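> Provided herewith is a single structure, encoded as structure tokens, for subsequent inquiry.
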Amino acid sequence: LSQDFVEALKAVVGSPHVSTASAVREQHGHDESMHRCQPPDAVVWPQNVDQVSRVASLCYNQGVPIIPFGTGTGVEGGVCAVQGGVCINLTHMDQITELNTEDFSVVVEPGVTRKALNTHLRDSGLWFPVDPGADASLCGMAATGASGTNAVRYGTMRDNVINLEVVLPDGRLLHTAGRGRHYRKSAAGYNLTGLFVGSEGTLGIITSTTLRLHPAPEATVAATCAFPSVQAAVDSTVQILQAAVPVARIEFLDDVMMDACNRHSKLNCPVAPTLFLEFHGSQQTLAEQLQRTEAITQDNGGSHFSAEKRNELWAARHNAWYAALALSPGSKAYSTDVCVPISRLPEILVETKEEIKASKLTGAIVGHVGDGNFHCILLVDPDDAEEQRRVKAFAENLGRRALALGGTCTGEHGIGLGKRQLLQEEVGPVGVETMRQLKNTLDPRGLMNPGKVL
Ligand SMILES: Cc1cc2nc3c(=O)[nH]c(=O)nc-3n(C[C@H](O)[C@H](O)[C@H](O)COP(=O)(O)OP(=O)(O)OC[C@H]3O[C@@H](n4cnc5c(N)ncnc54)[C@H](O)[C@@H]3O)c2cc1C
Ligand SMILES: [Mn+2]
């Protein structure tokens, strides 16, 4: 990157907020994925939307790639600077604006995490429900299309994003539903907001997100239930869903994952395939829901069901990724993320469990089985290229299996670098060309996070 160009960057954001130091670039060259660190040529920290626009326009017109960077917790290599360029760390824009408790909405900048938002909402009766395990940027969650354990009841980011402020690749400012607008539904024109949710930084830079807030539940009960087999746990899950019990959370852990979480959290659950469950409602709803759910799990061989213990339960779940890595310190990991029609979920989870067992790989299974969806967390020796090939082969084959079942190769993590071939198979030639046309119209020079998604 030329010195005159670095100077121009410093004129916009100030010298403390531009760095070409190799250690800074290396920290921003990777995420939580196993994709090899690819350092940007520079990291830039804009202080407001005008500066984001000016940095984008400078990079775009000079032919310099732009990589938006939130909290760097992605798991598909989205922030890897595969073509070099300028990494734009957005987290100094960290303000909550426009809290509208009477409309159940809020506007947040990229430096606001879900925990920061809910802390600011303590005492209001409202909360934001979409809960990835990491304390991620909410605008980053909008960019990846994130979901979480609460999504089965409260929806994904796509369900809860009302409006987006986006700096387009050439610096133009777009408010996807109109500046300052927020409403529960619209038929006005084409839905631009939904195009940018799940775009992973390839269509523009999200500089604020308008989010739907939800009422705190009247009462909450959490429970665990252990099963003799994966099949029993997942059959129970499908029957709970088909009975339309409005569970707030329904998470599956296999025996390997349960053991890992036990050792990482001072939970001490029976080592067995397990459901973590949560119910929201009044005492009457809760009593009724608990009895219908216990009846269903009992029929499939579930054990008997088992506020600070609730926090430890979900803290252990949210840290399952780190619990899995701790089984073999020094390993990295790859995660699958398929989502299938729920009637096919028993087939593919039992099959995945059998394939993990039959192979020499170490893997644990956890996920949002309420949301078509589960993760296979596969461990990899960072210095064993053969094991890396086999893990990648395993992930690819699981992906194709989900696609054969009418599902999708990713329920929530996104495509980044890892799933680009699976995406092509998932939507076919016309779908690929259509997505390419959308990318080309918004990013003609192809400088917006190149090499990702498509
Ligand atoms: C322990 C753990 C648990 C997790 N659990 C979940 C889970 O349950 N569900 C889930 O969906 N994910 C989960 N994640 C993954 C990750 O937290 C989410 O994908 C999250 O949305 C990433 O946000 P980020 O800001 O950290 O992303 P980054 O890694 O910084 O960026 C991810 C991608 O989005 C782009 N991007 C980031 N910010 C912006 C922006 N403002 N505008 C435009 N593009 C942008 C980047 O260029 C990149 O392509 C988990 C991760 C960890 C480590
Ligand atoms: Mn998840």
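Just so we're on the same page: first chain in the structure tokens is A, next is B, and so on; residues restart at 1 for each chain, and ligands are numbered from 1 in the order they show up.
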Can you list, as a ChimeraX atom specification, every residue of range 329-430 of chain A that DSSP puts in helix (DSSP H, G or I)?
/A:342-358,369-371,385-404,420-430
> Can you build me a table of chain A residues sitting at most 6 Å from ligand 1, with the closest atom pair per residue and its distance in Å to one decimal, using only C-alpha atoms and all ligand atoms, sorted by chain and residue number, as a tab-separated table?

```
residue	atom	partner	partner_atom_place_in_ligand_line	distance
A:31	CA	ligand 1	29 (O)	5.5
A:32	CA	ligand 1	53 (C)	5.7
A:67	CA	ligand 1	47 (O)	5.2
A:68	CA	ligand 1	47 (O)	4.1
A:69	CA	ligand 1	30 (O)	4.1
A:70	CA	ligand 1	25 (O)	3.5
A:71	CA	ligand 1	26 (O)	3.6
A:72	CA	ligand 1	30 (O)	3.3
A:73	CA	ligand 1	26 (O)	3.5
A:74	CA	ligand 1	29 (O)	3.5
A:75	CA	ligand 1	15 (C)	5.7
A:78	CA	ligand 1	49 (O)	3.2
A:79	CA	ligand 1	48 (C)	4.7
A:110	CA	ligand 1	41 (N)	5.5
A:132	CA	ligand 1	7 (C)	3.5
A:133	CA	ligand 1	3 (C)	3.7
A:134	CA	ligand 1	2 (C)	4.4
A:136	CA	ligand 1	26 (O)	4.6
A:137	CA	ligand 1	25 (O)	4.2
A:139	CA	ligand 1	41 (N)	4.6
A:140	CA	ligand 1	25 (O)	3.5
A:141	CA	ligand 1	21 (O)	3.2
A:143	CA	ligand 1	44 (N)	4.8
A:144	CA	ligand 1	21 (O)	5.0
A:146	CA	ligand 1	11 (O)	3.3
A:147	CA	ligand 1	11 (O)	4.3
A:148	CA	ligand 1	8 (O)	4.1
A:200	CA	ligand 1	34 (O)	4.0
A:201	CA	ligand 1	44 (N)	3.2
A:204	CA	ligand 1	43 (C)	5.9
A:205	CA	ligand 1	42 (N)	3.9
A:206	CA	ligand 1	42 (N)	3.7
A:207	CA	ligand 1	41 (N)	5.7
A:319	CA	ligand 1	1 (C)	5.4
A:321	CA	ligand 1	1 (C)	4.9
A:412	CA	ligand 1	11 (O)	4.3
A:413	CA	ligand 1	11 (O)	4.7
```
> Give me, as a ChimeraX atom specification, all polymer residues having an atom no more than 7 Å from range 44-55 of chain A, counting only C-alpha atoms and skipping those fewer than 5 positions away in the same chain.
/A:9,12-13,17-19,86-90,92-93,167,171-172,207
> Go ahead and write the selection's residues with N, CA, C and O atoms as a PDB file, in the first residue's frame.

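Below you can see again-v4.pdb, which holds the result:
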```pdb
ATOM      1  N   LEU A   9      -5.555   8.054   4.071  1.00  0.00           N
ATOM      2  CA  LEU A   9      -6.380   7.392   5.081  1.00  0.00           C
ATOM      3  C   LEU A   9      -6.283   8.114   6.420  1.00  0.00           C
ATOM      4  O   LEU A   9      -7.301   8.348   7.080  1.00  0.00           O
ATOM      5  N   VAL A  12      -8.435  11.190   6.926  1.00  0.00           N
ATOM      6  CA  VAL A  12      -9.859  10.992   7.197  1.00  0.00           C
ATOM      7  C   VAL A  12     -10.094  10.643   8.662  1.00  0.00           C
ATOM      8  O   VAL A  12     -10.925  11.258   9.339  1.00  0.00           O
ATOM      9  N   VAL A  13      -9.386   9.642   9.177  1.00  0.00           N
ATOM     10  CA  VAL A  13      -9.721   9.081  10.483  1.00  0.00           C
ATOM     11  C   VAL A  13      -8.742   9.476  11.585  1.00  0.00           C
ATOM     12  O   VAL A  13      -9.013   9.172  12.762  1.00  0.00           O
ATOM     13  N   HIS A  17      -5.729   5.976  14.188  1.00  0.00           N
ATOM     14  CA  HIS A  17      -6.749   5.059  13.690  1.00  0.00           C
ATOM     15  C   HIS A  17      -6.415   4.465  12.317  1.00  0.00           C
ATOM     16  O   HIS A  17      -7.296   3.893  11.654  1.00  0.00           O
ATOM     17  N   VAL A  18      -5.157   4.560  11.889  1.00  0.00           N
ATOM     18  CA  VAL A  18      -4.642   3.863  10.708  1.00  0.00           C
ATOM     19  C   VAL A  18      -3.348   3.162  11.092  1.00  0.00           C
ATOM     20  O   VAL A  18      -2.414   3.815  11.567  1.00  0.00           O
ATOM     21  N   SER A  19      -3.251   1.861  10.826  1.00  0.00           N
ATOM     22  CA  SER A  19      -1.996   1.185  11.124  1.00  0.00           C
ATOM     23  C   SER A  19      -1.618   0.189  10.037  1.00  0.00           C
ATOM     24  O   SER A  19      -2.463  -0.581   9.564  1.00  0.00           O
ATOM     25  N   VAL A  86      -7.630  -2.983   2.658  1.00  0.00           N
ATOM     26  CA  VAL A  86      -7.828  -2.212   3.883  1.00  0.00           C
ATOM     27  C   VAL A  86      -8.914  -2.888   4.707  1.00  0.00           C
ATOM     28  O   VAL A  86     -10.065  -3.012   4.259  1.00  0.00           O
ATOM     29  N   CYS A  87      -8.546  -3.330   5.907  1.00  0.00           N
ATOM     30  CA  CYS A  87      -9.505  -3.866   6.869  1.00  0.00           C
ATOM     31  C   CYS A  87     -10.122  -2.696   7.628  1.00  0.00           C
ATOM     32  O   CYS A  87      -9.400  -1.895   8.224  1.00  0.00           O
ATOM     33  N   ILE A  88     -11.443  -2.565   7.585  1.00  0.00           N
ATOM     34  CA  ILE A  88     -12.124  -1.461   8.259  1.00  0.00           C
ATOM     35  C   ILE A  88     -12.734  -2.019   9.540  1.00  0.00           C
ATOM     36  O   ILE A  88     -13.780  -2.677   9.512  1.00  0.00           O
ATOM     37  N   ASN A  89     -12.080  -1.763  10.670  1.00  0.00           N
ATOM     38  CA  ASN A  89     -12.616  -2.167  11.962  1.00  0.00           C
ATOM     39  C   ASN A  89     -13.635  -1.128  12.400  1.00  0.00           C
ATOM     40  O   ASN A  89     -13.288   0.039  12.614  1.00  0.00           O
ATOM     41  N   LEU A  90     -14.887  -1.551  12.543  1.00  0.00           N
ATOM     42  CA  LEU A  90     -16.001  -0.627  12.710  1.00  0.00           C
ATOM     43  C   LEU A  90     -16.374  -0.377  14.170  1.00  0.00           C
ATOM     44  O   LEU A  90     -17.338   0.363  14.434  1.00  0.00           O
ATOM     45  N   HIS A  92     -15.257   1.285  16.796  1.00  0.00           N
ATOM     46  CA  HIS A  92     -15.261   2.551  17.524  1.00  0.00           C
ATOM     47  C   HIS A  92     -16.582   3.295  17.401  1.00  0.00           C
ATOM     48  O   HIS A  92     -16.819   4.240  18.164  1.00  0.00           O
ATOM     49  N   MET A  93     -17.455   2.877  16.489  1.00  0.00           N
ATOM     50  CA  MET A  93     -18.793   3.442  16.381  1.00  0.00           C
ATOM     51  C   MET A  93     -19.647   2.520  17.240  1.00  0.00           C
ATOM     52  O   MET A  93     -20.087   1.455  16.804  1.00  0.00           O
ATOM     53  N   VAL A 167     -23.113   1.797   4.010  1.00  0.00           N
ATOM     54  CA  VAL A 167     -22.196   2.513   3.132  1.00  0.00           C
ATOM     55  C   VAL A 167     -21.900   1.580   1.960  1.00  0.00           C
ATOM     56  O   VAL A 167     -21.291   0.518   2.126  1.00  0.00           O
ATOM     57  N   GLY A 171     -18.957   4.470  -1.433  1.00  0.00           N
ATOM     58  CA  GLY A 171     -19.125   5.507  -0.428  1.00  0.00           C
ATOM     59  C   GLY A 171     -20.523   6.084  -0.285  1.00  0.00           C
ATOM     60  O   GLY A 171     -20.768   6.823   0.679  1.00  0.00           O
ATOM     61  N   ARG A 172     -21.439   5.787  -1.204  1.00  0.00           N
ATOM     62  CA  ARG A 172     -22.799   6.319  -1.117  1.00  0.00           C
ATOM     63  C   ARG A 172     -23.507   5.747   0.107  1.00  0.00           C
ATOM     64  O   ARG A 172     -23.296   4.595   0.473  1.00  0.00           O
ATOM     65  N   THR A 207     -23.452   0.301   8.846  1.00  0.00           N
ATOM     66  CA  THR A 207     -23.013   1.223   9.889  1.00  0.00           C
ATOM     67  C   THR A 207     -24.058   1.495  10.972  1.00  0.00           C
ATOM     68  O   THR A 207     -23.721   2.124  11.990  1.00  0.00           O
TER      69      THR A 207
END
```
> Which distance in Å separates CA of residue 222 in chain A and CA of residue 127 in chain A, to one decimal?
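Between CA of residue 222 in chain A and CA of residue 127 in chain A the gap is 18.0 Å.
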> Looking at only C-alpha atoms and all ligand atoms, which of A:149, A:163, A:282, A:186 is the one that sits closest to ligand 2?
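Result for the nearest residue to ligand 2: A:149.
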> Counting only C-alpha atoms, figure out which residue out of A:338, A:364, A:192, A:287 gets nearest to residue 257 in chain A.
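The answer is A:364, which sits nearest to residue 257 in chain A.
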> Select from range 246-280 of chain A everything DSSP, run on the backbone, classes as strand (DSSP E), then give the selection as an mmCIF file with N, CA and C atoms, in the first residue's frame.

```cif
data_model
loop_
_atom_site.group_PDB
_atom_site.id
_atom_site.type_symbol
_atom_site.label_atom_id
_atom_site.label_comp_id
_atom_site.auth_asym_id
_atom_site.auth_seq_id
_atom_site.Cartn_x
_atom_site.Cartn_y
_atom_site.Cartn_z
ATOM 1 N N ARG A 249 -36.316 -22.402 23.830
ATOM 2 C CA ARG A 249 -34.999 -22.915 23.474
ATOM 3 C C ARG A 249 -35.081 -24.435 23.452
ATOM 4 N N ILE A 250 -34.463 -25.058 22.447
ATOM 5 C CA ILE A 250 -34.328 -26.511 22.422
ATOM 6 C C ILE A 250 -33.021 -26.848 21.714
ATOM 7 N N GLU A 251 -32.001 -27.200 22.508
ATOM 8 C CA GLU A 251 -30.633 -27.398 22.045
ATOM 9 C C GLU A 251 -30.222 -28.848 22.275
ATOM 10 N N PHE A 252 -29.584 -29.441 21.275
ATOM 11 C CA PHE A 252 -29.094 -30.807 21.357
ATOM 12 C C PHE A 252 -27.591 -30.808 21.623
ATOM 13 N N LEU A 253 -27.150 -31.687 22.528
ATOM 14 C CA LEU A 253 -25.735 -31.990 22.731
ATOM 15 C C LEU A 253 -25.564 -33.501 22.651
ATOM 16 N N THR A 274 -28.315 -35.264 24.978
ATOM 17 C CA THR A 274 -29.073 -34.460 25.926
ATOM 18 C C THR A 274 -29.774 -33.319 25.199
ATOM 19 N N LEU A 275 -30.958 -32.956 25.683
ATOM 20 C CA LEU A 275 -31.630 -31.724 25.282
ATOM 21 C C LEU A 275 -31.537 -30.735 26.439
ATOM 22 N N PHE A 276 -31.096 -29.512 26.140
ATOM 23 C CA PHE A 276 -31.298 -28.364 27.020
ATOM 24 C C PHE A 276 -32.557 -27.652 26.542
ATOM 25 N N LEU A 277 -33.497 -27.416 27.444
ATOM 26 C CA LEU A 277 -34.784 -26.841 27.080
ATOM 27 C C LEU A 277 -35.049 -25.589 27.902
ATOM 28 N N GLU A 278 -35.768 -24.633 27.306
ATOM 29 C CA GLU A 278 -36.246 -23.484 28.064
ATOM 30 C C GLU A 278 -37.663 -23.150 27.626
ATOM 31 N N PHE A 279 -38.477 -22.756 28.600
ATOM 32 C CA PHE A 279 -39.873 -22.431 28.387
ATOM 33 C C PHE A 279 -40.135 -21.044 28.947
ATOM 34 N N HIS A 280 -40.912 -20.259 28.203
ATOM 35 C CA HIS A 280 -41.319 -18.912 28.579
ATOM 36 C C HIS A 280 -42.836 -18.828 28.607
#
```
> Which of these, A:373, A:97, A:397, A:229, has the shortest distance to ligand 2 once you count only C-alpha atoms and all ligand atoms?
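Of the candidates, the smallest distance to ligand 2 is held by A:373.
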> Excluding range 153-161 of chain A and residues on its chain fewer than 4 positions from it, collect all residues at most 9 Å away from it, counting only C-alpha atoms, and give them as a PyMOL selection string.
chain A and resi 128-130+138+141-142+144-149+193-194+197-198+209-214+246-249+370+412
> Quick one: everything within 12 Å of residue 308 in chain A, counting only C-alpha atoms, minus sequence neighbours fewer than 4 positions away in the same chain. Send it as a ChimeraX atom specification.
/A:221-222,312-315
> Rounded to one decimal in Å, what is the spacing between CA of residue 60 in chain A and CA of residue 2 in chain A?
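Here the two named atoms are 14.9 Å from each other.
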> Restricting the calculation to only C-alpha atoms, which member of A:345, A:385, A:240, A:271 is positioned closest to residue 292 in chain A?
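When distances to residue 292 in chain A are compared using only C-alpha atoms, the smallest one comes from A:240.
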> May I have the residues within 8 Å of residue 175 in chain A as a list in words, using only C-alpha atoms and disregarding those fewer than 6 positions away in the same chain?
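Close residues of residue 175 in chain A: residues 163, 164, 165 and 166 of chain A.
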> Using only C-alpha atoms and all ligand atoms, which of A:56, A:152, A:238, A:438 sits nearest ligand 2?
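Of the candidates, the smallest distance to ligand 2 is held by A:152.
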